[PDB]
Amino acid sequence: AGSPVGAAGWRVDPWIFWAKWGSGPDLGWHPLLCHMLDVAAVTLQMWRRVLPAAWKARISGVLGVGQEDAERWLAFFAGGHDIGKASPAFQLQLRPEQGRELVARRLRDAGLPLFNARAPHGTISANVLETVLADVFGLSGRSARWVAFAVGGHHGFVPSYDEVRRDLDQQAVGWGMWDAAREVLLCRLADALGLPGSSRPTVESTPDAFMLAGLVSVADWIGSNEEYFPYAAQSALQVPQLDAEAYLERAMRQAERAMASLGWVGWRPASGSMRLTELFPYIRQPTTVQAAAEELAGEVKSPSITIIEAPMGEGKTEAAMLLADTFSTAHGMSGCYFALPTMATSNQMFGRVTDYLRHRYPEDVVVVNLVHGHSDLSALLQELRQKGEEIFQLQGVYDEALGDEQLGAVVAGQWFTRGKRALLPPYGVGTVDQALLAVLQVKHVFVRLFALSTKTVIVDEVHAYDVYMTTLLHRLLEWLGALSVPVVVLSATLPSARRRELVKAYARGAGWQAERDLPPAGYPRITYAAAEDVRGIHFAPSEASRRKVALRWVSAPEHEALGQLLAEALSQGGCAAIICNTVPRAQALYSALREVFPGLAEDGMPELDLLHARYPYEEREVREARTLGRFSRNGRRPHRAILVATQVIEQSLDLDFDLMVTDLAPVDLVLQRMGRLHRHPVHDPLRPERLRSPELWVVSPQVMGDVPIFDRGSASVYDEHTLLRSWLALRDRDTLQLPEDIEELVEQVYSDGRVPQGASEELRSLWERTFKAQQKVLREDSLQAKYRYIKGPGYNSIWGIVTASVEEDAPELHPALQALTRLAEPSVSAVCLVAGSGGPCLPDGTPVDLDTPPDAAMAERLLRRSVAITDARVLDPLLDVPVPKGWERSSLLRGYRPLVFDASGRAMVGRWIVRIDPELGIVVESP
Ligand SMILES: Nc1ncnc2c1ncn2[C@H]1C[C@H](O)[C@@H](COP(=O)(O)OP(=O)(O)OP(=O)(O)O)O1
Ligand SMILES: [Mg+2]
Ligand code: NI
Ligand code: NI
Ligand code: NI
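Residues numbered from 1 in each chain as written, not as in the entry; some residues may be left out. Chains lettered and ligands numbered in written order. Heavy atoms only, no water.

Per the deposited record, X-ray crystallography is how this structure was determined, to a resolution of 2.771 Å.

## Section: the overall build of the protein
In plain terms, the rule: Strands here mean DSSP runs of E at least two residues long; helices mean DSSP runs of H or I at least four residues long; both are numbered from the N terminus. Three exposure classes are used, based on accessible area relative to the maximum for each residue type with a 1.4 Å probe and protein chains only: buried under 20%, partly exposed in between, and exposed over 50%. The method behind every accessible area is Shrake-Rupley, applied with a 1.4 Å probe, and residues are considered shielded solely by the protein chains displayed. We score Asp and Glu as negative and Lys and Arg as positive, and we do not count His or the chain ends. A charge is said to be at NZ when it belongs to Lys, at CZ for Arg, at CG for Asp and at CD for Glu.
Tallying secondary structure elements over the protein gives 38 helices and 24 strands in all. In terms of principal-axis extent, the alpha carbons of the protein reach across some 95 × 70 × 55 Å. Buried positions account for 60% of the 927 residues belonging to the protein. Put simply, the protein shows about 35800 Å² of open surface, and 50% of that area lies on carbon and sulfur atoms. Charged side chains of the protein number 95 positive and 114 negative; the gap between the two group centres comes to 1 Å.

## Looking at the packing of aromatic side chains
Quick reminder of the rule: Stacked, tilted and edge-to-face pairs are distinguished by plane angle, under 30 degrees for stacked and over 60 for edge-to-face with tilted covering the rest, among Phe, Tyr and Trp rings (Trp via its six-membered ring) whose centres lie within 6.5 Å. Placement of a charge over a ring requires the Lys NZ or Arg CZ to be within 6 Å of the ring centre, with the centre-to-atom vector within 35 degrees of the ring normal.
According to the stated counting rule, one finds 31 aromatic pairs in the structure shown. For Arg552, the ring lying beneath its charged end belongs to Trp697, and the centroid distance is 5.2 Å.

## Describing the nonpolar core
This is how it is decided: Working definition of a nonpolar core: buried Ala, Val, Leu, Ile, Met, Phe, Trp, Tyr and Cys residues. They are joined through side-chain atoms within 4.5 Å.
If you look at the biggest cluster of nonpolar residues, it comprises 215 residues, and the most contacted ones within it are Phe17, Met46, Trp55, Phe76 and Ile222. If you tally residues by element for this core, the top one is helix α2 (residues 32–49), at twelve residues. In this structure, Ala292, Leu323, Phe338 and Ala530 belong to the second largest nonpolar core, which totals 41 residues.

## Notes on the site of ligand 1
Stated precisely, the cut-off is as follows: A single heavy atom is enough: if one lies within 4 Å of a molecule or strand, its residue is considered near that molecule or strand. Counting of polar contacts relies on pairs of N or O atoms within 3.5 Å, with two restrictions inside protein: one atom must be capable of donating a hydrogen and the other of accepting it, and residues adjacent in sequence are counted only when both atoms are side-chain atoms. The classification used treats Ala, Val, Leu, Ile, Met, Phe, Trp, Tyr, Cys and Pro as nonpolar, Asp, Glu, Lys and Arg as charged, and all other residues, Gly among them, as polar.
The environment of ligand 1 is made up of 17 residues, and the closest members are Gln290, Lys316, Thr317, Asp654 and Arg679. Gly313 places a main-chain nitrogen or oxygen 3.0 Å from an oxygen atom of ligand 1. Here a nitrogen atom of ligand 1 and a side-chain polar atom of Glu318 are 3.4 Å apart. Isolated, ligand 1 exposes 630 Å² of accessible area, and the fraction of that covered by the protein chains is 89%. Counting residues per element, the shell around ligand 1 draws most heavily on helix α16 (residues 316–330), which supplies three residues. For the shell around ligand 1, the class distribution of residues is three nonpolar, six polar and eight charged.

## Concerning helix α7 (residues 121–135)
Formally: Take the residue count of a helix, subtract one, and multiply by 1.5 Å to get its expected span. In this analysis the local bend is the angle between axes fitted, respectively, to the seven residues ending at and the seven residues starting at the residue. Contacts are residue-level and defined by heavy atoms, with any inter-residue pair within 4.5 Å sufficient.
In this model α7 runs 21 Å from its N-terminal to its C-terminal C-alpha over 15 residues, within 8% of the 21 Å that 1.5 Å per residue would give. Bending of α7 peaks at approximately 30 degrees at the position of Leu129. With respect to burial, α7 is a largely interior element, twelve of its 15 residues being buried. Residues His121, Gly122, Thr123, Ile124, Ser125, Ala126, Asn127, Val128, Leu129, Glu130, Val132 and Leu133 constitute the buried set of α7. For α7, the secondary structure elements touched by its buried residues are α4 (67–79), α5 (88–91), α8 (141–152), α9 (161–165), α10 (170–173) and α11 (177–193).

## Points about the UniProt feature "binding site: dATP" (unreviewed entry) in the protein
Worth spelling out the cut-off: UniProt positions are given in the numbering used here, feature names are shortened, and annotations may be inferred rather than shown by experiment.
When the UniProt feature table is mapped onto this chain, "binding site: dATP" (unreviewed entry) is found at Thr287, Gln290, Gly313, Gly315, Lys316, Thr317, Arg352, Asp654, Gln672, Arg676 and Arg679. With respect to the helices and strands, the residue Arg676 is situated in the loop between α30 (667–674) and β15 (695–699). Judged by relative accessible area, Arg676 falls into the buried class, the value being 0%. Relative to the assigned elements, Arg679 resides in the loop between α30 and β15. Polar contacts involving the side chain of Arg679 include one to the side chain of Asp654, which spans 2.5 Å.

## What about the environment of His359?
In this fold, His359 is placed in the loop between α17 (347–357) and α18 (364–367). Given the relative accessible area of 23%, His359 is considered partly exposed. In the structure, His359 is positioned 272 residues away from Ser87 in sequence and 52 Å away in space, judged by C-alpha atoms. With residues up to four places along the chain from it excluded, the contact list for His359 reads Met274, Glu278, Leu279 and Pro281. At 2.9 Å, the side chain of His359 and the backbone oxygen of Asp355 are in polar contact.

## Comments concerning the domain arrangement of the protein
How big an interface is tends to be expressed through the accessible area that disappears when the partners come together. What counts here: Domain segmentation is taken from an automatic or database assignment of domains.
Taken domain by domain, the protein consists of domain 1 (1–264), domain 2 (265–541), domain 3 (542–758) and domain 4 (825–927). Relative placement of domain 1 and domain 4: their C-alpha centres are 42 Å apart.

## Examining the side chain of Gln254
Within the fold, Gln254 resides in helix α13 (residues 244–261). Beyond its immediate stretch of four places on either side in the chain, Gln254 contacts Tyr228, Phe229 and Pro230.

## A look at the pairing of strand β5 (residues 427–431)
Note on strand geometry: in a regular strand, side chains alternate between the two faces of the sheet. The cut-off we apply is this: Pairing between strands is defined by DSSP: at least two bridges between the two strands are required.
The element β5 is largely enclosed, with a buried count of five among its five residues. For strand β4 (residues 336–340) and β5, the ladder comprises five bridges, and the chain directions are parallel. Its bridge partner lying in β5, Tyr337 is registered against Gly428.

## Here's the deal with the coordination of the nickel ion (ligand 4)
What counts, and what does not: Coordinating N, O and S atoms are those within 2.8 Å of the metal (3.2 Å for Na, K and Ca), and as water is not part of the atoms, a site may appear to have fewer donors than expected. When four donors show all angles between 85 and 135 degrees the site is tetrahedral, when four or six donors have opposite pairs over 155 degrees and all other angles between 65 and 115 it is square planar or octahedral respectively, and in every other case it is irregular.
Looking at the metal site, the nickel ion (ligand 4) is ligated by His35 (NE2), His81 (NE2), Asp82 (OD) and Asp220 (OD), spaced 1.9 to 2.4 Å from it. Around the nickel ion (ligand 4), the four donor atoms sit at angles spanning 70 to 149 degrees, and that spread fits a shape best called irregular. In primary-sequence terms, the residues that donate to the nickel ion (ligand 4) follow H-x45-H-D-x137-D. Assessed through its relative accessible area of 2%, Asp220 is described here as buried.

Here's what the structure looks like:
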């Protein structure tokens, strides 16, 4: 520091600097030191009221200090996140319309030099902390640099090394008097936290600092809510006179109230030492997999991965929740995230999770988990309808890459509105995609790693096709292993190579130097892996799982006779499902099937029904509720019904069907679809005699010679070569011998064996060609990994864990990078409206003002019309439609495109016609 500073300069007065500033009705402002005390207070309350004890113990172990020192120091860093706001570049950012000259004269009175240079405040925070944390606070240079970059990454991305130590203007950061000012602020915040003269923490572990950045981001978000953290200054004209400690106390109580509103407090484990029959009253005699799980439960270690492989319908989820209960009770990991399969809704799972949660936690589960632990939109809607202003609302989030403070407040505020919100609460149910996003190079990934770090992860239903086609779960397992996160993976069946690479990934993250191989065990089995311990527990399949399943084919010439086949099969009655690989095929087959089954069912709704994601959300709620009401284990089963549907039935849902028709798919997916066939024994006596023998109809592809010709939709959804392997594995079967044939088929298709089996040359050509295509895809993804995936845990530099496109912002996320990695289909969110005078209107029938943000009621009614279009034909033209100016400033409606149908229910989008059918849902069609 090259500028001498006199005592008059050291008088400074800390309170003059601002961190938050008002706009309209709020003429006041928030002093920077107040904001730092607020974020530190939120960190303290997190440590004392939210975080699981195992997390605090482990982080205290990494820090090398006791839990008290770890608490005050983490609070010090998190409060130190905005230290760079004390720079000329940020203080002069103020709007001229809102008293910028007043702040200018106020700084000038202190004697601070002024400069017009501009830099993001977080990079400045890294630039100052990397030196100040060492030269004053006595931390090692590595810990200082690590805390500096991590804390400086809080608005989206950790700064690149050049951003902090090369391109950064000195005039932007300031020096001399500014350094004395920041030194004063940091010393006062530290004294308020009681840092002297406690032993200095070691922060040299890269992954830990990385997730800690996510903790800091969440803390700043909590401090950004003006309802719980009102600005201390009542007007720009005057600087408040404050005692830092009393303000810290008030900030702590406010933090407690704010986090209490989010339902993070207070999940007391309330042990306890419960058995499986107690947690789940509905089960009398536990299934064999649950028995082996109950036996394993007494021997589990704090960080370990479990892989459960049992036939579908055997009740693996209760075993997973059992191990999770053992983790929360006996190992201090009181939190869990239930990672659902991508096509699954959270609804049915959430009730099971709630029913388990009643046995371990007080009735706060009613007042907390019901609205906060749910990922899907219905909970957000009920939270909107409920009094009062239940949704968390941010303001004054100064993300430089967005155009203004409130815009950044909206983008950050999406974390409390979008499905990713389910990640935040200690118990949450949601898609596996939210957890898989943690390894992508996207905004705020460290927030995801931080959320996952505090909970055991339970991956419900893993498919072999997914683990074969992508590395996402492997990388997530590496980072999960680094964070000492317990993991349970449910699966109907996996190839041995897949289990090997998964356990290898979690072990690689764990740092487990032991290289001993996984013990062999017959199917069904439970793999297990702790530090010093590794197990392969085989167990006898339940006798109910021993069934022969008929496998009939319907060839393309017979395909139009398929409805007549449904007539001859269901003539005696009985439920039946028909899975389709794509929405348009489902709509078409349904339209064809309407002629065959006109009749109403006993429940007063038609026996024929359709289900897919492409509906306005309320209609989706109706059809989903009707389906779950018909075909669940306890539902009012119709004497006869037919349900055409996509793969939304294929995953997670607890449905039962007397008969199953399905499109060709990779075999693990077909079996997963087949798990809904005769799933519940209680339904056995009442089944029609024609359907008493389980039977699985598969839709055959057109076959020129011996060469299959897959339909374009399935070809676009699934890898073509895998479909070829599956069709070859299934084409000669007459009967499936469960449960061994499950593992047999899956280990046949995904394993090394090439079986042309002496067929035609053209088929060999199709084989080699489709395989070359698949390998070209996998290779191309492997070569683009630097631009897509974050560095693994063993990477040494805290910077460069995420490189480009840093601070865009905010880069996709779901529409873009999600698609290149095939994590999910790219899509547009849309709001179905109707045309009329005065612009777009709701169907019933009130006008919408697109120019202003919606009120919560109107936002709810608008969200009820929402739909996630994913069709390639109209996706781009829909993106070209601007998001209306009032919506992008709303966290509830950012990224949503209005979709104005006419009275005919038609709308002109691109060359294509979009139409909103009462039965078919949204329908794309050529004009
Ligand atoms: N021990 C049990 N005995 C009898 N029924 C049980 C038992 N445990 C759970 N069930 C019920 C609850 C569910 O409604 C139904 C299916 O359980 P479930 O956990 O969904 O199996 P699963 O998850 O392994 O199937 P899948 O592999 O297809 O996802 O059986
Ligand atoms: Mg399951
Ligand atoms: Ni900030
Ligand atoms: Ni801040
Ligand atoms: Ni901020």
